[PDB]
Structures are given as C-alpha cells and as structure tokens.
Amino acid sequence: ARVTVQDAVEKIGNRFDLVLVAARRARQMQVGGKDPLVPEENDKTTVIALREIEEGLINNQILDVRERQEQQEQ
Amino acid sequence: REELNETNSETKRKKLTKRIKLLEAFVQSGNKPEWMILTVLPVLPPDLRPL
Amino acid sequence: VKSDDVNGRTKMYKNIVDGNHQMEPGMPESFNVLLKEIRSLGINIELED
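Protein chains in written order, with the entry's author numbering: chain E, 2 to 75; chain D, 202 to 252; chain C, 1293 to 1341.
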C-alpha cells in the first residue's frame, strides 16, 4: 500500500484539508454517482481517492466546480 | 459601592468593595438571590436510580 | 461510536450494514444525566440555545 503520505501534504499545504478532500471523495464514491478518474486496481475507495487527489486532478475547487455544474444542470 | 468608595481603605473596605461589586454584577445578572434557598425539591426520574 | 450511544449505535450498525459510514452526534445521554443531577441537587438545569 501507499506507506507514507507526503505528496498529498505538498499538494494541499495545510495538511488538514487534504484528508477532508480525500474523505469527501471517498464518501461520494461509496454513495455512488461518481467515477474514479484514475485507473483503479481493486482497492479501497480511500486509497483511490487519495491517489486521484495526489495525481493533480482532484482539489477543493475542482470538486466544488463539478458540484456546481451538476446542480445547475438539473 | 459608594460607601465602599467612601470607606477608609484597608482589608475591611476592600472586602466591602468586592461585595458591592459582586452585588452589582449579580443584580446585572438575572440571578434571584432567593434561588439559593430552594423551594420545590426534584425527585429522581425513576430510571435515574436503578433498583 | 465506542461510547454509550444507543440510538446512534443502532443507526451506525445499520449504516455499517449498508456501507454508509456515518455517525450522528446528537447529544450524549450523560450530558442530560448530569443536567438532571444538577436539577437533582438544589439548582435548576437549563441550557440556552
């Protein structure tokens, strides 16, 4: 597994919002309605969300923009 | 409070001023002094004291 | 979860069955119990909003 977490800390900086973003992605994946942007390898949603966030694709603004677009499209 | 200000200092006047300030605050608070002396005594909700 | 929650225990067990992963804070029963203990002794227990 991903033993150490340093890339997510650098990608967030505050180190307290990174876990929040990871958990927000994980809960959304668990409930459904979302697709993993990164190629999954039969693992937990937490690890997949962490990898997607650290890949430079998920942020506190990307998720918010996507949610706003989805809400406005209704 | 005025009398404590009018008092001639020392520990007695200090205690008097403290009591006066405390009274002024408790008056500013909605604290009934009689509330310390209880009137109606609540008994336990029966599920608070197991048999 | 690892505390006295009863109605939260049931909700959490149901969620774990359903894979929801959510806990409901509410208010601890021991809090109301201590409030009563205050009301049990000579002081009213009243909590503002």
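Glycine is no exception: its CB is placed at the ideal position from the N, C-alpha and C atoms.
Using the rule of at least 16 other Cβ atoms within 10 Å of the residue's Cβ for burial, across every protein chain shown, is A226(D) buried or exposed?
-> Along the second sequence, one-based indexing puts residue 226(D) at 25. So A226(D) ends up on the exposed side.
Does the Cβ of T240(D) have 16 or more other Cβ atoms within 10 Å, making it buried, or fewer, making it exposed?
-> Start at 1 with the first residue of the second sequence, and residue 240(D) comes out as number 39. By the Cβ-count criterion, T240(D) is exposed, with fewer than 16 other Cβ atoms from all chains shown falling within 10 Å of its own Cβ.
Residue environment, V22(E), which counts as buried when at least 16 other CB atoms sit within 10 Å | Looking up residue 22(E) in the first sequence gives position 21. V22(E) should be labelled buried.
Identity of the residue in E11(E), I59(E), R3(E), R16(E) nearest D36(E) by Cα = Sequence index remark: in the first sequence, residue 36(E) carries index 35 (1-based). Closest by C-alpha distance to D36(E), out of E11(E), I59(E), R3(E), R16(E), is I59(E).
Do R1301(C) and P243(D) have their C-beta atoms within less than 8 Å of each other?
-> Along the third sequence, read from residue 1 onward, the residue named residue 1301(C) stands at position 9. Along the second sequence, read from residue 1 onward, the residue named residue 243(D) stands at position 42. Their beta carbons are not under 8 Å apart, which means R1301(C) does not touch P243(D) by this criterion.
Chain C contact residues for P246(D), given Cβ-Cβ distances below 7 Å | Locating residue 246(D) in the second sequence gives position 45, where the first residue counts as 1. The CB of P246(D) comes closer than 7 Å to the CB of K1328 in chain C, given here in chain order.
Going by C-alpha distance, which of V1325(C), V1309(C), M1319(C), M1304(C) is nearest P247(D)?
-> Working through the second sequence from its first residue, we reach residue 247(D) at position 46. Considering only alpha carbons, the answer is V1325(C).
Hey, is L239(D)'s beta-carbon within less than 8 Å of any beta-carbon in chain C?
-> The count along the second sequence starts at 1 and reaches residue 239(D) at position 38. Chain C, which has a Cβ nearer than 8 Å to the Cβ of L239(D), makes this yes.
Separation of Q73(E) from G1311(C), as counted between CA atoms | Indexing the third sequence from 1 puts residue 1311(C) at position 19. Indexing the first sequence from 1 puts residue 73(E) at position 72. Spanning the alpha carbons of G1311(C) and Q73(E) requires a straight line of approximately 29 Å.
Which residues in the same chain as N209(D) place their Cβ atom closer than 7 Å to its Cβ, once the five residues preceding and following it in sequence are excluded?
-> Here the question's residue 209(D) lines up with position 8 in the second sequence. Counting only Cβ-Cβ distances below 7 Å, and skipping sequence neighbours, we find nothing.
For chain D, is any of its Cβ atoms less than 8 Å away from the one on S1332(C)?
-> As a first step, residue 1332(C) must be located in the third sequence, where it is residue number 40. Yes, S1332(C) lies at the interface with chain D (some Cβ there is under 8 Å from its Cβ).
Using 8 Å as the limit for Cβ to Cβ distance, is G1311(C) near chain E?
-> Position 19 of the third sequence holds residue 1311(C). In terms of beta-carbon proximity, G1311(C) lines the interface with chain E, with at least one pair separated by less than 8 Å.
Cβ-based contacts, 9 Å cut-off: residues of the segment 25 to 54 of chain E near chain C | So the list reads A27, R28, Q31, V32, given in the order they occur along the chain.
Any chain C beta carbon closer than 8 Å to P234(D) | Counting from 1 along the second sequence, the entry for residue 234(D) is found at position 33. Taking 8 Å as the threshold, the shortest C-beta distance from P234(D) to chain C does not fall below it.
What's the C-alpha gap between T212(D) and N206(D)?
-> For the purposes of this step, residue 212(D) is identified with residue 11 of the second sequence, where counting begins at 1. For the purposes of this step, residue 206(D) is identified with residue 5 of the second sequence, where counting begins at 1. When only Cα atoms are considered, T212(D) and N206(D) end up about 13 Å apart.
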